[PDB]
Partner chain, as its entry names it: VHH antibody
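Taking the form solved without its partner chain, here's one chain by itself in structure tokens.
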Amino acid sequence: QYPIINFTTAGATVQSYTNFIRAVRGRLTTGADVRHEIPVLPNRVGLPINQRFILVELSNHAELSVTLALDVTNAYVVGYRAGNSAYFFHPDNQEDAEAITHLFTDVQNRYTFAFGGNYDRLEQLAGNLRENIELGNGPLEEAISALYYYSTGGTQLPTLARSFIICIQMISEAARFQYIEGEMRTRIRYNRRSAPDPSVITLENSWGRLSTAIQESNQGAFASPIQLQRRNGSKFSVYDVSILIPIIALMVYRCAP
């Protein structure tokens, strides 16, 4: 009962992964609300529940399948289904907790984690910073297996949390930033897994602030700069939407145009 997109790591290519992320972006928003050439995701206020989520069914060479659910108002993974079980991050407010009761209503076993999907907490559970968790088509293959065998009781929590970290960056963050999408394309192109460097980490960390900066900007000029980092960790300051046009693909709704 929500729109579904399929992606398989089996035989995946730069093109198959790019096609996947481009499909994800187009399901997340129509692109009708654009500010300074960057699409805005739908405002959660007044959004019908039947339009609130999209699904991404992931499959791997082992022929295991899991179905991620993404909230269209923020592009993030809110939970997933494996077989006859569904799992959801702990939402931040009661209203989102009501929203997710509409996901995977057919499954017999439904669980809410005692933790939300924020990186600080996922990293603690995983026992590693994102800096130490390789991304790529191999990591995604393994994360699909981990998520699926979490539903049999096999996969334990650190490996699951690490697998969420992989999925969230390769799907949700790749959707929000064409820069991160490009980072994953390079890993797939050269068939090489590697962890994200600070240029990726600080984009992921600043998506909400960047969204606010842009939407509240004066003709594109940020009221205050936003600090990022280059690949070597050195400071990079953003003053203007202009440099973000090739970087960020989607913003969360923060105000009306």
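Numbering follows the first chain given and starts at 1. By rigid core we mean the largest C-alpha set that fits within 1.5 Å across both forms.
Just so it is clear, the following notes concern the form solved in complex with its partner chain, a form of the same protein that is not shown.
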* To do: Although its partner chain is absent from this view, report whether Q229 comes within 4.5 Å of it in the deposited bound form, heavy atoms only.
  => yes
* Structure fact -> Of the residues spanning 230-250, the ones with some heavy atom within 4.5 Å of its partner chain in the deposited bound form are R230, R231, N232, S234, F236, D240, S242, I243, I245, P246, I247
* Entry of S65, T30, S217, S194 that shows, once the rigid core is matched between this form and the one not shown, a C-alpha shift of 2 Å or more -> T30
* Given a CA distance change of at least 3 Å, are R22 and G31 closer or farther in the deposited bound form? -> farther
* Inter-Cα distance between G31 and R187 in the deposited bound form, nearer or further [3 Å or more] -> farther
